[PDB]
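Protein chains in written order, with the entry's author numbering: chain A, 3 to 51, 56 to 402; chain B, 3 to 51, 56 to 402; chain C, 3 to 51, 56 to 402; chain D, 3 to 51, 56 to 402.
Backbone N, C-alpha and C define an ideal beta-carbon position, used for all residues, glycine too.
There are 4 protein chains.
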Amino acid sequence: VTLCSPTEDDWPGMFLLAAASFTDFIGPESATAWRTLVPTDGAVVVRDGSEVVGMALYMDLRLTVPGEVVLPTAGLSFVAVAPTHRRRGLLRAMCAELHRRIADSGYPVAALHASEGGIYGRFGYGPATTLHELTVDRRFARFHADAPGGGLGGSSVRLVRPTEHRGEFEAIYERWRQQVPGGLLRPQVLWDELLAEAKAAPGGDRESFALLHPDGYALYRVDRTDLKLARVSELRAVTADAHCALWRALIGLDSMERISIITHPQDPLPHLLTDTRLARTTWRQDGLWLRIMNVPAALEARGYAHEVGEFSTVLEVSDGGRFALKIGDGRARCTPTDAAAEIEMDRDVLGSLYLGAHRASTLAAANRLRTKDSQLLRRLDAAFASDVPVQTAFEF
Amino acid sequence: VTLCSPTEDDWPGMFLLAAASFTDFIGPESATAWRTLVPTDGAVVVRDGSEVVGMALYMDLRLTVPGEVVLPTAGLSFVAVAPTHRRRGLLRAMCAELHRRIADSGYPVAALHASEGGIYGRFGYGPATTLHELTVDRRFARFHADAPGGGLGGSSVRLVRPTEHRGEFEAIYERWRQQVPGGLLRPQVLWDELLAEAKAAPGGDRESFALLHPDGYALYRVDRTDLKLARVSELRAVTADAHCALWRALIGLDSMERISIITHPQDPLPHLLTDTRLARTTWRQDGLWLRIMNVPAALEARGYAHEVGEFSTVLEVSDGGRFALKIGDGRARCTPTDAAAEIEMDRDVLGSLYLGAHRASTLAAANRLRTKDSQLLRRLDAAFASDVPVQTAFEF
Amino acid sequence: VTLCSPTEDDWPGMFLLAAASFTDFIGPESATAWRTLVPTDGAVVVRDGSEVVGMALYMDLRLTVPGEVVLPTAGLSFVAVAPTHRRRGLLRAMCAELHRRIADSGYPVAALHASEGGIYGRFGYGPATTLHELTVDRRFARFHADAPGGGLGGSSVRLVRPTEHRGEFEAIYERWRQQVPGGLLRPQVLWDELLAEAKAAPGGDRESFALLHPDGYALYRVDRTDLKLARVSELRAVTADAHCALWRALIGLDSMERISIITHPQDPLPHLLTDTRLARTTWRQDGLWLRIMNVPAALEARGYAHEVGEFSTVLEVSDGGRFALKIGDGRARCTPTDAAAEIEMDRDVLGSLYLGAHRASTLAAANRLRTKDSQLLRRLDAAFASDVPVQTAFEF
Amino acid sequence: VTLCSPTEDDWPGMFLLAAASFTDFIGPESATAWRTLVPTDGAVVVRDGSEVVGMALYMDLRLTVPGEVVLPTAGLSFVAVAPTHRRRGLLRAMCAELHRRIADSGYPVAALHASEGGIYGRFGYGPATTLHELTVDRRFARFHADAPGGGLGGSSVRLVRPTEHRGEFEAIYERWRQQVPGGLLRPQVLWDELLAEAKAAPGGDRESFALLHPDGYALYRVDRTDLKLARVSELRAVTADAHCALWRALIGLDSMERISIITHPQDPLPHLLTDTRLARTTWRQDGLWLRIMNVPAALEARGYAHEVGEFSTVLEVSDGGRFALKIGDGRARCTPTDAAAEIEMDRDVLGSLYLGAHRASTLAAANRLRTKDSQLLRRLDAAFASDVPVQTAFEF
Ligand SMILES: Nc1nc(SCCCN2CCCCC2)nc2sc3c(c12)CCCCC3
Ligand SMILES: Nc1nc(SCCCN2CCCCC2)nc2sc3c(c12)CCCCC3
Ligand SMILES: Nc1nc(SCCCN2CCCCC2)nc2sc3c(c12)CCCCC3
Ligand SMILES: Nc1nc(SCCCN2CCCCC2)nc2sc3c(c12)CCCCC3
Ligand SMILES: [Cl-]
Ligand SMILES: [Cl-]
Ligand SMILES: [Cl-]
Ligand SMILES: [Cl-]
Ligand code: NA
Ligand code: NA
Ligand code: NA
Ligand code: NA
């Protein structure tokens, strides 16, 4: 049982583990496009001797954080252990090796999407964004008088084929991802992938349509089996006008009973309607998970709330260092100290605070975050809070 | 069609409308206990001529708001129009008369629980609290190492019969309701009611049990039909230790597969577990709705966040007045002005901001709240935000 | 195995067979009220030796037929064979004995409600009325401009308790049953029974409410388990105005999603709505079954369509006689003949034609009704057709 | 927003609206075969400026009406408004333009199949045929002694592949459609379409089989997911013998639990069985909708019942003219008058009466049809009634 970087001979055996480990496996044709995002020495395999019984890799990503700051981010993916090799500490050995390489490479944070919620906490990953499915019964949906874009004359929104308006989607997404915490750069090869999934599959998904505004788009398709449900796969809106305009078009899908979308907890859609209760939360789950690789680099890189007045404290991350933390004028200075800790937390808890999805007060109440000063707790809450609500970009 | 205060002759006819309008009607035996909370001239009936074709009333309540401030609150309830008299503007006439009496009586706010989400917005009520159902698959549930009360020696929690420990529940609730925004005073007659529902009913609900801590309780019963589901009807915890201790006991119900509870979005329970994903949000909805009766009285009565620095603005409520609003040191001064408005909103939107459940930024994005100053929006957000998360007390 | 009229000693043993044979058995308390409708020698029991292993009886009923003519009718009911005695020709022996007594007593027709659709055809019973369940999604339901009772001012309909308005229901029903084919006289003891079922049962049915017009009523209750469904148990309307008025009230039940009713195929309700498709047929089945005991007496008693011109024919009922049938001026003369048959049918087929529910053309196409003259078929169709659509009164 | 006849440049944009508006869209390959049935100037498009935001067309059809009379019929289809352009009166403008062209072209009637039951009533369309789904549990099904084709010797019915017996299906259908009200001429291109859908699709429908008699056929396939259900897509029988013979073969499908078919309310199938209750009505809905374009032309073209004696009246269609109507010897004469109206109805109500599906008495009871003479109502009922029951041909 040896842990190595895979050669080109190892990949056929990795795809077999992938096929047997992930249901959604789209096969080696689209594996070619995701492979370009893996750097040299981005991948580890465990061989028994011989076959592949374990793999993990990371991809080079660009993650937007509060203050419209863009961090180089190691995206962990394709993590699998063979059903023949469970409870052998392969995951722990592979994660330990990639984290070593990620840190040495100079990535301040790593990120992943979790197949289960009970695995990644112990390797220092905290859930950092919340997926929030809204299902609108669009037969009852009436827009509030206050709602934008209810005036006479033409609609700004067009119904289009995705593949004929690639340039415009790219441009709108690029604007979106730079202004929103949780935003990821989407490279050309993932746009090739996205627009390939937009066409109908034999005995599979139905054809995707697009609603296009100057400052937003919505990709959607009718459900395979439930022909009265439209699923919005992706809605990117740069302005409140574009968001409302796009939803007026989606509520216009008069052959549908229900529109569902996976969005964020602060989606304004419910407030656009006369009955806020028509936008039912049907599903909630963790989205992006964050491991803070370099605590000082990460805390200094993001912006903080300007409303909270300047304050200093000593933060201890369990096995992650102890730091004098000074926050004022929406910037942080984070420097080594041996002074007594005022705040203690595990590294995963910091990940969960970092994009403003979770409040320090909430984590404190569960004793995940320890301090003996309630004032300092209120000040952390306010500082780490994100002006622009955190959203989830795309699964990787 | 005449609108009057009901005499004792009108009540038999009101109960018939209640029976035909509300399914959960427990009949006139428990109507005697809710009737004590209705003041003289708290009720209006519409007669056709003759029978009752419309009714509405309010009850005298005490609602806790941010800053542990307790407001006299008109609780609207028992609102019904006969199926024979729809679309006749009876609701609008009854609401207009009660609001007149509520205002003249000197209540700064009114509140209700909504049977539908599309009715009460137009009479100035805004959803102010969020109900959040968590369903825990307790077969997988393991408490995090950080979680309080995992040490050796005795449990602090006892399994008891509710009716034998009334005094202790009352005391714990009284402590809870005074420290939590959304808290309501529960008078003796509603404790009589609650402990009567605690016993098993023939072909109805099963027997309620209680878990009792010094600083918290949980009332729960097994589901009528699903015998592997335990429903927590009510969990009141004054300390984080009590909350964790009570949940360790509930996760100890080893004959159950699932524990469900209707709680608030900031419930720390998910963070007490090694797998946060085991506490699934199964249901979300509006809880308490708030109509601000006197804008200056209400805005001046509540506490604000100490973290935001002193700031002044001019708020206009549509048909509710225009005010110079000055917030600093967690207090507000709200005085008449004819100066140009900086913020505009309908009266319902103010209700939704008032207990900190909804962010001004969110409502602004839906154009329910208008300003041309993003800095002022950030400052409102921060100020109106509640240190202690808003919870829902009991339905009325 | 001996077939006899039961003595008062036999009844305890009949109730046990009833309990074991019919689920809906309400027990001997309400068996006292149905027993009054059984004449002396109206009942047969089969004893093994000793216990009751078979029973059947008939009740004295008054059935309205086309031409507002009221026939004395033997109502077959309480028909059961013990599970220990199947395939022993007990049903055939009991039916043969009661039919003998019914004929000798001078009843022109017998009737029953069938537990299965494959039993009673061979004893000469034909399905004569059609039950037709309409389920209205009342959230979408809007009344057509043409619909009666949409004007300003008071409603004619009142929401009442059934038991407080017995006299008025009785009177309206009595008017209804005399003008509608399928109508049955409802004696005092069955009104006692109906108004006893109107009150709520512990772990059973919910409380029944009534909508009362001068010329119609609707009894309804909310479903045990589905709390958004209202079931209309009984709607009697003497005028089109009363029918529309009552449905405007039922569509006013704003807490309900769906109203269901068991009605007849020609119910005008769908045409009262802007969308006829909102009144979905959810269920269809045979209602009342008819055995013509005396062919000439029955054919001469009912009225026929005045529109068809006078015509003569020879009808043969298989083992029921052969008759010269002359129909003109909406009356029939039916006299013995040995002349060649022009029409042949089994006795059950005549039952199915007799109230106008089924067309001779339809039964002819299935070769249940034989003739070599298509003109005669058209003339039978037209003659037997009922001006007033046939309805089902109550189950017995 | 301009309304025009589409050029060949407009069609790509029409197919995109079709794809986004109709789920069942089979794509432009089969759009080529339906396009041949659209005359020059049979189509209208609405452009925004530019893209297609609205379309509607009509096809040249031949509809059989009572008296085996065949009318030229404008078949409205492919009617869609873009979700971006709702509530802009595009449907009303397109329907107004096509109705103008249809009338000027000299079509006496137009017809459509409705996607919802609440749209087309206001443009003068009445539901004229009833779809009636029967589901037979064929494990219990035993044919009555009276049923044709139960004798010894060979079956007349053969199990065949559809595509190998096109000529014979065509011939039988052609005979069927000329003798049945609701019948449509099926042109060669729709037989090409029907026999292309008869073969199995990858991850789609299973292979269609045919039962072939000299005087009837039944096309059927096993359900995609429910492998114990056979769906009869189409059963055409010219004689009662052929209908019974085909059903004896379908009840012979011994691997199936259930046979379902969409048929008409007067289908004799239930009467072919010993238990009529085995043929359960599972579904009912409106089929073909009829707009009478020229009232006199339409009323004079159809045959009437010979049984009703000669009678005269004055019919007023709301905004459709007023006519002296004289019916006798199964023919109508319909001429202009200013004499006082005896009958009044909207144009949609006439459509609903025209093929005999709905009775004037039923529509009168809902006040859709006004007269102060009950005798005249009985005479209309009898006259408009169809000897041959009305069936639905194929959806367009
Ligand atoms: N990284 C890749 N992603 C995808 S699509 C998103 C899947 C959802 N997840 C399912 C399990 C939990 C995490 C999210 N496809 C592919 S294919 C492929 C990789 C990859 C990883 C890079 C190496 C080349 C092979
Ligand atoms: N006010 C009362 N409450 C209750 S229990 C909570 C019901 C849930 N709601 C269901 C509908 C929406 C609002 C909440 N029971 C009673 S009984 C009664 C009153 C009353 C109102 C006071 C007048 C005496 C009669
Ligand atoms: N005749 C009676 N009816 C009823 S209620 C309707 C039952 C539905 N059926 C269920 C099975 C198929 C027929 C209809 N209850 C009773 S109780 C009783 C009799 C009786 C029959 C008369 C003799 C006294 C005992
Ligand atoms: N007219 C056409 N029909 C069909 S198949 C029946 C569909 C069911 N409906 C679904 C919605 C309600 C009405 C019935 N396919 C096509 S494809 C096509 C047309 C068309 C209309 C003619 C213009 C060429 C394009
Ligand atoms: Cl999102
Ligand atoms: Cl709560
Ligand atoms: Cl009925
Ligand atoms: Cl059909
Ligand atoms: Na809005
Ligand atoms: Na914890
Ligand atoms: Na009407
Ligand atoms: Na037959």
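Where does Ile28/C sit, in a helix, a strand or coil, going by DSSP? Here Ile28/C sits in coil by DSSP.
Run the CB neighbour count on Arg308/C, radius 10 Å, all protein chains shown included, and call it buried at 16 or more, exposed below. Around the Cβ of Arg308/C, a 10 Å sphere holds 16 or more other Cβ atoms; the residue is buried.
7 Å Cβ shell around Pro8/B - same chain, five flanking residues per side excluded: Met16, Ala45 and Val47.
Short check: CB of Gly188/C to CB of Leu359/C, under 8 Å? No, these two residues do not count as a Cβ contact at 8 Å.
Taking 8 Å as the threshold (C-beta atoms), are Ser261/C and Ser121/B in contact? Result yes, Cβ atoms of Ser121/B and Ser261/C sit closer than 8 Å.
Can you check whether the C-beta of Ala177/B is within less than 8 Å of a C-beta belonging to chain A? False, the Cβ-Cβ gap to chain A never drops below 8 Å.
Between the region 129 to 147 of chain D and the region 342 to 361 of chain D, can you find at least three pairs of beta-carbon atoms closer than 8 Å? Contact check between the region 342 to 361 of chain D and the region 129 to 147 of chain D: three or more CB pairs, one atom from each, fall below 8 Å, which counts as touching.
Could I get the ranges of all uninterrupted beta strand (DSSP E) runs contained in the region 273 to 337 of chain A, with 3 residues as the minimum, in chain order? Complete beta strand (DSSP E) runs here, min 3: 285 to 292, 294 to 298, 317 to 323 and 327 to 334.
Could you tell me the alpha carbon to alpha carbon distance between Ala363/B and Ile268/B, rounded to whole angstroms? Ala363/B and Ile268/B: Cα-Cα distance of roughly 16 Å.
If you measure between the beta carbons of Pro276/C and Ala285/C, is that distance less than 8 Å? For the 8 Å CB-CB criterion, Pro276/C and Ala285/C form a contact.
Who are the neighbours of residue 53/C on chain D, taking C-beta pairs under 8 Å? Coordinates for residue 53/C are simply not present: the residues of chain C run from 51 and resume at 56.
Listed by chain order, which residues have C-beta atoms less than 6 Å from any heavy atom of ligand 7? In chain order, the qualifying residues are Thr269/C, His270/C, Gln397/C and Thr398/C.
Can you round the beta-carbon distance between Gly155/A and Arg254/A to whole angstroms, since I take them to be within the 8 Å contact cut? Contact holds; Cβ gap of about 6 Å.
Test: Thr25/B CB closer than 8 Å to a CB of chain F: No chain F appears in the structure shown, which is made up of the protein chains A, B, C and D.
Do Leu382/C and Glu350/C have their CB atoms nearer than 8 Å? No. Outside cutoff.
Can you tell which of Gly222/C, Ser214/C and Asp232/C has its C-alpha closest to the C-alpha of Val238/C? With distances taken between CA atoms, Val238/C lies nearest to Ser214/C out of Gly222/C, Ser214/C and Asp232/C.
Measure the alpha-carbon distance for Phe146/A versus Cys6/A and round it to whole angstroms. Between the alpha carbons of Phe146/A and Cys6/A lies a gap of roughly 58 Å.
Given a threshold of 16 other Cβ atoms within 10 Å of its Cβ, counted over all protein chains shown, does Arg230/D qualify as buried or as exposed? Under this definition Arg230/D is an exposed residue.
Please confirm whether any heavy atom of ligand 10 lies closer than 7 Å to the CB of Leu356/A. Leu356/A has its Cβ no nearer than 7 Å to any heavy atom of ligand 10.
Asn300/D at chain C interface by Cβ criterion, 8 Å: It does not: the Cβ of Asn300/D has no partner Cβ on chain C nearer than 8 Å.
At a Cβ threshold of 8 Å, is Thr368/A touching chain B? So yes, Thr368/A belongs to the interface.
Please confirm if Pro208/B has its CB atom under 8 Å from at least one CB of chain C. Chain C, which has a Cβ nearer than 8 Å to the Cβ of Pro208/B, makes this yes.
So with CB distances below 7 Å, who are the chain C contacts of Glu57/B? Those within 7 Å of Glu57/B in chain C are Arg164.
Please indicate yes or no: does the CB of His119/C lie closer than 7 Å to some heavy atom of ligand 3? When distances are taken from the beta-carbon of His119/C to the heavy atoms of ligand 3, the shortest one is below 7 Å.
Beta-carbon proximity check, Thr287/D vs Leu137/D, cutoff 8 Å: By the CB criterion at 8 Å, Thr287/D and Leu137/D fall outside the cutoff.
Indicate whether the contact test is met: 3 or more Cβ pairs, each with one atom in the region 311 to 324 of chain D and one in the region 150 to 166 of chain C, closer than 8 Å. Contact fails: fewer than three Cβ-Cβ distances are below 8 Å.
For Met65/D, verify whether its CB is less than 7 Å away from any heavy atom of ligand 4. At least one heavy atom of ligand 4 lies less than 7 Å from the C-beta of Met65/D.
Using only alpha-carbon positions, find the residue among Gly327/D, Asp352/D and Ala346/D that is nearest to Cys340/D. Comparing Cα positions, the closest option is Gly327/D.
So with CB distances below 7 Å, who are the chain D contacts of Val238/A? Neighbours of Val238/A on chain D: none; closest Cβ ~13 Å, over 7 Å.
Just how far apart, CA to CA, sit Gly124/C and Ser23/A? Pairing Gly124/C with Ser23/A, the inter-Cα distance amounts to about 56 Å.
Does any residue of chain A bring its CB to less than 8 Å from the CB of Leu294/D? Not one chain A Cβ lies under 8 Å of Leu294/D.
According to the neighbour-count rule (16 or more other Cβ atoms, all chains shown, within 10 Å of its Cβ), is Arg183/A buried or exposed? The residue is buried, with at least 16 neighbouring Cβ atoms inside 10 Å.
Compute every distance between the C-beta of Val40/C and the non-hydrogen atoms of ligand 3, then say whether any falls below 7 Å. Yes.
Grab me the residues of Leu201/C's own chain with a C-beta within less than 7 Å of its C-beta, minus the 5 sequence neighbours each way, in chain order. Scanning its chain for C-beta atoms nearer than 7 Å, with the 5 sequence neighbours on each side dropped, one finds around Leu201/C the residues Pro168, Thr169 and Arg172, in chain order.
With 8 Å as the threshold, decide whether the Cβ of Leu235/A is near any Cβ in chain D. So no, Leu235/A is outside the interface.
Identify the continuous beta strand (DSSP E) that holds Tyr223/B and give its terminal residues. Bounds of the beta strand (DSSP E) holding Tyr223/B are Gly222 to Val228.
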